[PDB]
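[1] 3D model of this:
(one chain, ligands or ions: 1)
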Amino acid sequence: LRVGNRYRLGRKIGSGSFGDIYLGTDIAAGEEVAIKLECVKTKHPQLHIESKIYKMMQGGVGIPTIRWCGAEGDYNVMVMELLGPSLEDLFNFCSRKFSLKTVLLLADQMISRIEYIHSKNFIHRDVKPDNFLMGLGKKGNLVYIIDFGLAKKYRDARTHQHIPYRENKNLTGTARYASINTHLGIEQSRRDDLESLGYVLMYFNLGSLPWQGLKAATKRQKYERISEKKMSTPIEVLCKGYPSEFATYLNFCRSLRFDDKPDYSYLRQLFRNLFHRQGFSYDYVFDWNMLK
Ligand SMILES: Nc1ncnc2c1ncn2[C@@H]1O[C@H](COP(=O)(O)O)[C@@H](O)[C@H]1O
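    Residues are numbered from 1 along each chain as shown. The protein structure is shown below:
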């Protein structure tokens, strides 16, 4: 298929919940791209919404470039920079073990990506390893964030008036990485993206979280069981056997007020000081770079 005149559709490379991703070629440029397609007649149109958020994000480091948006035949179309494997994919490729160095290289960039989104007046609300992708080629050392399907404005662009506190929210995103405040049904804010990152980092450290693979028939009972395990696992128990910085990070996130601006710089400096105490260099040599 020809798309937006200059793009050629190739084979599927990924299946989302709200769109499939296809390999493509920018025939004019001689460059591979990713093409996201959404059936025009989909019950729940989201691609046009996601594209608007990407436009507001554009020019960020580790934000995929949007090359073209249109409709074509029975599809809404978004053409974007082609990225590499997700951190979940690379975790599986690494036998579900990341070195401390890799976890800290990732933590540094992931805190910066979340800060960048927050600087653009959005919270992501689906912080999980599947939504962070390494670049390809020259961008291969760069962590990207994707899937702004669930993203939401947390403050007025103009006034910076924060969204109001709200309760009795149904659980938006993946329960495994959801904040305790999300489990309580509280409106998500900047703190919740960062608390989710904290669970992602301990997930990379452990290979799994203690509230993973809990048995339930129905879904709300599964979320209640995840909530109960999360709220009965002290941060010092979750983080036992790992550097204290992972616990300090999570304690900091749990202490944030609904409308607080997180101290992103403090959280990066926490991991940077540990990184330096270990004698690591920021040379972007990740575990997966050493697979032969
Ligand atoms: N720009 C991209 N480059 C490569 N793979 C992508 C890209 N965007 C999404 N994917 C993949 O497509 C799936 C999810 O698409 P999405 O609905 O955009 O989150 C996952 O398998 C992602 O790894």
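[2] show me the protein divided up by domain.
    10-23+34-83, 84-290 (curated CATH domains).
[3] could you pull up phi and psi at the closest residue in space to residue 186 that isn't next to it in sequence?
    Nearest residue to residue 186, sequence neighbours excluded (CB to CB, 6 or more residues apart in numbering): residue 167, at 6.0 Å. Just so you know, the C-beta spots here come from the backbone N, C-alpha and C atoms, and that holds for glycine as well. In terms of degrees, to the nearest 10, the main-chain angles of residue 167 are phi -120, psi -180.
[4] how far does the helix or strand hosting residue 80 sit from the chain's center?
    Assigning secondary structure by DSSP states H and E places residue 80 in strand 75-81. Mean-position distance between strand 75-81 and its chain equals 20 Å (CA atoms, centre = their mean, to the nearest Å).
[5] which strands or helices does that strand pack on?
    On a contact count with 3 or more CB pairs under 8 Å, 6 or more residues apart in numbering; DSSP states H and E, strand 75-81 meets strand 31-39, helix 47-57, strand 66-72.
[6] to residue 257, which of these lies closest?
    helix 47-57 (25.3 Å; CB to CB).
[7] and that closest one, what does it pack onto?
    strand 31-39, strand 66-72, strand 75-81, strand 122-123.
[8] mind checking which of the helices and strands packed on strand 75-81 is nearest residue 155?
    helix 47-57 (12.9 Å).
[9] would you mark the buried spots in that closest one?
    47, 50-51, 53-54, 56-57 (16 or more other CB atoms under 10 Å).
[10] also stretch 251-265?
    So stretch 251-265, judged by 16+ other CB under 10 Å, has buried residues 252-253, 256, 258-259, 262, 264.
[11] what about those, which are in helices?
    252-253, 264 (DSSP state H).
[12] which residue, other than its chain neighbours, is closest to residue 94?
    residue 287 (4.9 Å).
[13] I'd say that neighbour and residue 98 touch.
    Yes. Counting by CB atoms under 8 Å, residue 98 is a contact partner of residue 287 at 5.7 Å.
[14] who has more neighbours out of these two?
    residue 98 (23 against 19; other CB atoms under 10 Å).
[15] ok, back up a step: and of the ones in helices among the buried residues of stretch 251-265, the nearest to residue 75?
    Among those, residue 264 lies closest to residue 75 (CB to CB), at 37.7 Å.
[16] and that closest one, how close does it get to the ligand?
    Going from residue 264 to the ligand by CB to the nearest ligand atom, to the nearest Å gives 24 Å.
[17] check contacts around that residue.
    For residue 264, the contact set (CB atoms under 8 Å, 6 or more residues apart in numbering) comprises 111-112, 114-115, 118, 194.
[18] tell me the two of those residues that are most distant?
    Most distant of those, by CB to CB, are 112 and 194, 11.8 Å apart.
[19] of those two, which one has the most company?
    Taking neighbours as other CB under 10 Å, residue 112 and residue 194 compare with residue 194 leading, 26 against 16.
[20] surely that one touches residue 253?
    Yes. Using CB under 8 Å as the test, residue 194 is close enough to residue 253 to be in contact (4.9 Å).
[21] between these two, which contacts overlap?
    residue 262.
[22] quick revisit: what lines up beside the strand holding residue 80 in the sheet?
    Here strand 75-81 has these sheet partners by DSSP bridges: strand 31-39 (antiparallel), strand 66-72 (antiparallel).
[23] near the ligand, which residues of the protein are found?
    Within the chain, the residues that sit near the ligand (CB under 6 Å from any ligand atom) are 13-14, 16, 18-19, 21, 34, 36, 64, 80-83, 86, 133, 146-147.
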